[PDB]
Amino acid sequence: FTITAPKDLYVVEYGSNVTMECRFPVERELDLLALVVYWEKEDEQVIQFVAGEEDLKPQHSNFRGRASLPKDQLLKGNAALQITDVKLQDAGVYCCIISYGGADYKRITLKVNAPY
């Protein structure tokens, strides 16, 4: 079991949206109840999807209502993190962690260009 992140780094503009791919193999048919997904950013949880239960942790989360896991991508084996209305603070090293049978992780860097 190994996850593939084709893009190692993403460069985006302040105020825009970004979707960071994180793909895992589905042999035959997907059992959401066996799937665990965490996205972190430098020892800070962005979002999690654990056996069908999603938690944004918007308890003073820095991504209160801007982070999501589109389920049309989850079902295709892509645990993509979508961040809307990006801010400078969002730049950094993200970690995508998946457990589906086995477990693996990939680091992904986000760069945010500011206005002039």
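Numbering starts at 1 and follows the sequence shown.
Query - Of 58-66 and 73-81, the one with larger mean CA B-factor - result: So the stretch with the higher mean C-alpha B-factor is 58-66.
Report task. Comparing against every modelled residue in the chain, figure out the third that the C-alpha B-factor of residue 95 lands in (lowest, middle or highest). Result -> Middle third - that is where residue 95 ends up once the chain's C-alpha B-factors are sorted.
Report task. Classify residue 13 as lowest, middle or highest third according to the C-alpha B-factor given in the PDB entry, relative to its own chain. Result -> CA B-factor rank for residue 13: highest third.
Requested in this report: Check where residue 26 lands among this chain's C-alpha B-factors and tell me if it's the lowest, middle or highest third.
Outcome: Highest third, going by the recorded CA B-factors of the chain.
Query raised in the report: Comparing residue 89 with the other modelled residues of its chain, is its CA B-factor in the lowest, middle or highest third?
Result: CA B-factor rank for residue 89: highest third.
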